[PDB]
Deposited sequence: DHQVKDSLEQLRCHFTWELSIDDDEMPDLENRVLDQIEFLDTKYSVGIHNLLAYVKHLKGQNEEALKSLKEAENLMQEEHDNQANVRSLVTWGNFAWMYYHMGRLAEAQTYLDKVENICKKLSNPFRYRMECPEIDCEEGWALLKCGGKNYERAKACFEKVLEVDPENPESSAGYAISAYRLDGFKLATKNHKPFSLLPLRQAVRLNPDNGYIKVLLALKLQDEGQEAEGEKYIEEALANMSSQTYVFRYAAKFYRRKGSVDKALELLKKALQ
């Protein structure tokens, strides 16, 4: 049984790095900033929350998060992660019959093309899923997250999902670096914005990077488009506030912060 579980590709086997000091605020931090609104991304969030809840000693709550992920899909290789997490959670809760049932579901979907493996499968969807999980867990995971999306992009250079993941990963990693420039700095965000034209989050990142390279006027256009569609709250306001602060538009910056609260 344990041999089977270790072969799964899911939050329980991805060695997500979360140090103790991050623990107390992680769940809120994850929920406060939903970068995309499509259902597959929301399923990813519920899976990550289940894992985090388990680590906080909250197995009952962890299971409920997995059932929420299950229910959303109820309305494809992208169920493998949720099922793998169920198998682990039921194993932990001492419900082995149910764990076996979920292992069976996985094995079934992995019953190859010629996928060599019994319980895992190489595919860009799961590489993307691993990347999004790493991205949500904070800094120590960012290089791995970037590498995950890179792996997808190598084979599918125009993939909307991994272009965005790579771009956000590169941006966050860029932040850690000592400031000032590098050629094609704007390239990954531009590509991500073109491939994901309905995402305001990546537009604000692009706007901030543009502003940083003395292209504040072009940057402001992207800020405005983002804000025009942000029915998708809420962390977008924080980044937009920073843009206007740097510009010198204090009234706008302040209203955006009040909205972020």
>> Comparing the deposited sequence against the modelled residues, what ranges come up empty for C-alpha?
In response: 1-3, 79-84, 190-191, 273
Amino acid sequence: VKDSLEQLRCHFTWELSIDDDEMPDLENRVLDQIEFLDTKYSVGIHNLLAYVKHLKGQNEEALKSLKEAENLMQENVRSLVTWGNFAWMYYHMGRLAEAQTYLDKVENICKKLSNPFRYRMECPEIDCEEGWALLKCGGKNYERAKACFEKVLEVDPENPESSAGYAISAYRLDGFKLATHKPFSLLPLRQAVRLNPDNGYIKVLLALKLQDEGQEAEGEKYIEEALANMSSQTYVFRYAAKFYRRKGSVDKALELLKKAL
From here on, numbers count along this sequence of modelled residues.
> Where do the C-alpha atoms have the higher mean temperature factor in this entry, in 204-212 or in 43-51?
Replying inline: 204-212
>> Test of understanding: from the entry's C-alpha B-factors, which stretch has the higher mean, 81-89 or 124-132?
In response: 124-132
> From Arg172, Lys111, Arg95, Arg144, can you pick the one with the highest C-alpha B factor in the entry?
Replying inline: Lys111
> Per the entry, which of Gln58, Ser65, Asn199, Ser231 tops the list for Cα B factor?
Replying inline: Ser231
> Lowest, middle or highest third: where is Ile168 by C-alpha B factor in its chain?
Replying inline: lowest
> Considering only modelled residues of the same chain, in which third does the CA B-factor of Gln100 rank: lowest, middle or highest?
Replying inline: lowest
>> Using only modelled residues of the chain, where does the Cα B factor of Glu161 rank: lowest third, middle third or highest third?
In response: lowest
>> What third of the chain does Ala241 rank in for C-alpha temperature factor, lowest, middle or highest?
In response: lowest
> Based on the entry's values, in what third of the chain does the Cα temperature factor of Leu5 lie: lowest, middle or highest?
Replying inline: lowest
